[PDB]
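Only one chain is included here, represented as C-alpha cells and corresponding to the form deposited in one PDB entry.
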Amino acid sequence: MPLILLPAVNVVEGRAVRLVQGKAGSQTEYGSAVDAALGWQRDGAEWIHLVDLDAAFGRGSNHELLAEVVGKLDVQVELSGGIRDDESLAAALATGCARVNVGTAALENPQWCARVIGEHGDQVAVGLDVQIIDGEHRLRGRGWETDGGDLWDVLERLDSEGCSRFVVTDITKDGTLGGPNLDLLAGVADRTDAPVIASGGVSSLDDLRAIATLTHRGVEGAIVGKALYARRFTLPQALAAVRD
C-alpha cells in the first residue's frame, strides 16, 4: 500500500499553526483549525493528524474544539496533546477519533503507558519526538521542553509492550522545510515491526517520494504540516507523488 499522508492540524487557541522546531517564538498561523481540517479533507485527506499544542505545552486546552473537529470530519483522525492519564485518554477517544498519540506519558508514566497500550491496542500509538545531539538520540516531552531518555531504549521497551504504532519526529527538522531525517526514520523502522509514521521536515514532493521508499521497511505514512500550509505543494500533488 502506498504511503499514507496525514496533513497536520496543530492547534493553538483554536487556530491552525505551525512552529519551527517546536519553538513558540516562531509560530505561523493559517486560520481556524476546523477550516484547516475540513480543507484537507476536501482536498482528499484520508487522515488528519490533529494536535492540541496548548495541551502538549501544558498551557491550555482546545479539547472541545477538537471534539467538534473530529465529529465534523468523515475521515480518520489521529488525535494528540495532553493525553497523559485515564481521564484525558478517555476524553480523547470519546471524540470518536480513530486513534491517539501519547507523547509525554511514554516518558514519564511508562507503566500507565504500557497499561493503555495493552487495553487500547491500535487506538494508542506513541509519538517519539527525537532530538539528536552528537549522536545521542533523546526523546523529548512536555512540548519538547523535557528530556525523555534514550530513543532506542524506550523504543525497545514500547515495542516489547506491544505498542501498535510509532509516530517519529526529528524535532530539529519539524517545521523547518529542511527535509525529513531519513536516517532516523529508517533507524526506527528497522527496529520494530510496528508501523512507523514519519513526522516533520517534509519540504517537497521529492521528500515524500523519499519517505515512500521506506514503506517496505515499515514506514506506513507521513505527517505533513508546513509544506501544505505554506503552499509548497498541494495535497493531490502529494497523493499522486506517493504513487509514482
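Just count from 1 along the sequence shown to find any residue number. Rigid core (definition): largest C-alpha set, two forms, superposition within 1.5 Å.
Only in words, not in the display: the form deposited in another entry, which the text now covers.
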* Threshold 2 Å Cα movement between the shown form and the other one at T192, rigid core reference -> no
* Asked: Can a Cα shift of no less than 2 Å be assigned to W47 between the shown form and the other one, given superposition on the rigid core?
  -> no
* Asked: Does the distance between the two CA positions of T176 reach 2 Å or more between the shown form and the other one, the core being superposed?
  -> yes
* Pin down for me whether the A222-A24 Cα distance shrinks or grows in that other deposited form relative to this form (closer or farther, change of 3 Å or more). => farther
* Pair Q21/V51, Cα separation in that other deposited form versus the displayed form, closer or farther by 3 angstroms or more -> farther
